[PDB]
Amino acid sequence: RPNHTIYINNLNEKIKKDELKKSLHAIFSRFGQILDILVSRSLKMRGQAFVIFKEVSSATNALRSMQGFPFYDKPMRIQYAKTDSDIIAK
RNA sequence: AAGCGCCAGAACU
RNA sequence: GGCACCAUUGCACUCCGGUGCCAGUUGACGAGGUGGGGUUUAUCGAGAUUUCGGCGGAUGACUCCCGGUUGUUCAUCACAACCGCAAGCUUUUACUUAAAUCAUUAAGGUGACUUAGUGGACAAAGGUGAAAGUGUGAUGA
Ligand SMILES: N[C@@H]1[C@@H](O)[C@H](O)[C@@H](COP(=O)(O)O)O[C@@H]1O
Ligand SMILES: [Mg+2]
Ligand SMILES: [Mg+2]
Ligand SMILES: [Mg+2]
Ligand SMILES: [Mg+2]
């Protein structure tokens with residue numbers, strides 16, 4: 001079911017936190033207001049990102065339009081996030 | 001304006 | 001913090017795989033101190049994760065040398081203890097802005113941390129200027 005946060009994986013894990021953040025912002029801010037982008041390079045979480053849209057409608061067009069889009073040489077996979085970001089529940 | 005300077009170990013990022 | 005490799009396709013919201021290599025960062029808080037040669041593990045305390053470990057300095061210490069003080073004028077020689085522009089020993093007296101830690105709040109840095117301000121303390125050694133005692137003989141004016 002649709003969500004404010006879209007889950008992105010298959011991201012190039014050689015890209016550092018700061019850069020991948022901004023690049024993601026560069027690519028995804030046309031869909032709507034991005035509240036935060038969450039990114040970590042740990043064993044569990046590397047190659048993955050959470051983009052938190054203010055409006056779900058924006059998240060939907062994001063997932064739809066950028067699905068499989070080559071980014072740092074790898075086509076990204078995008079999913080509606082399992083749970084809400086706590087910052088969206090708050 | 002000399003318990004002062006440096007930084008190869010160590011620890012920390 | 002960064003890079004290569006190995007491994008990882010992983011659904012999170014206080015960071016969080018391993019190895020190697022590079023980078024960065026921490027690494028002494030003040031007080032005190034220099035005649036020359038030598039030797040050597042270079043004085044005082046405050047603090048308390050490294051103020052540890054390594055390297056390099058260094059005014060210390062001991063000893064030798066040289067030049068001087070005191071041992072009641074004043075030379076000369078030894079003797080006893082000192083001094084390096086000070087100067088026997090006992091033995092009281094004030095002076096010699098401690099600084100950091102600690103607390104606190106700004107700036108910078110991705111970060112480890114860094115710089116600076118603010119607040120209040122608390123030393124020891126050595127030294128310096130007073131004060132009371134108790135330290136030579138030989139020869140010559
Ligand atoms: N004042 C100190 C000395 O007392 C100390 O001996 C010397 C070497 O210190 P360390 O051996 O700890 O490096 O440094 C300073 O000069
Ligand atoms: Mg210092
Ligand atoms: Mg000093
Ligand atoms: Mg040391
Ligand atoms: Mg040393």
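Below, all heavy atoms of this structure are taken into account, side chains as well, without hydrogens, waters or symmetry copies. A, B, ... follow the sequence lines: proteins, then strands. Residue 1 opens every chain.
Note: CG (A:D18) to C1' (C:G109) measures 13 Å, nearest angstrom.
Base pair annotation for C:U118 with C:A94: unpaired, by the Watson-Crick or G-U wobble rule (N1-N3 plus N6-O4 or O6-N4, or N1-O2 plus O6-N3, under 3.5 Å). Pairing between C:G38 and C:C62: present (Watson-Crick or G-U wobble, both distances under 3.5 Å).
For A:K44 and A:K17, each mapped to the nucleotide of RNA chain C holding its nearest heavy atom, the one lying further toward the 5' end belongs to A:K17. Of the residues near RNA chain C, A:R41 and A:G47, the one whose nearest nucleotide (by heavy atom distance) lies more toward the 5' end is A:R41.
Stacking of A:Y7 onto the six-membered ring of C:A12 is not present when judged by under 5.5 angstrom between centres and under 30° between planes.
Across all strands shown, C:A107 forms a Watson-Crick or G-U wobble pair with C:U114, both key distances being under 3.5 Å. Nucleotide C:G47: unpaired (no Watson-Crick or G-U wobble partner with both distances less than 3.5 Å). Under the Watson-Crick or G-U wobble criterion, with both distances below 3.5 Å, C:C22 is paired with C:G1.
One finds a side-chain N or O of A:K14 lying less than 4.0 angstrom from the OP1 or OP2 phosphate oxygen of C:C5. The phosphate of C:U9 (OP1 or OP2) has no side-chain N or O of A:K74 nearer than 4.0 angstrom. A close approach under 4.0 Å does not occur between any side-chain nitrogen or oxygen of A:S42 and OP1 or OP2 of C:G10.
Residues A:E19 and A:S23 are in side-chain contact: their nearest non-hydrogen atoms beyond the backbone lie under 4.5 Å apart. Between A:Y80 and A:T60, the closest side-chain pair of non-hydrogen atoms falls below 4.5 Å.
Sorted by residue number, the list of members of residues 20-31 of chain A with any non-hydrogen atom under 4.0 Å from RNA chain C is empty.
For A:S40 against C:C16, a side-chain-to-base donor-acceptor contact under 3.5 Å is absent.
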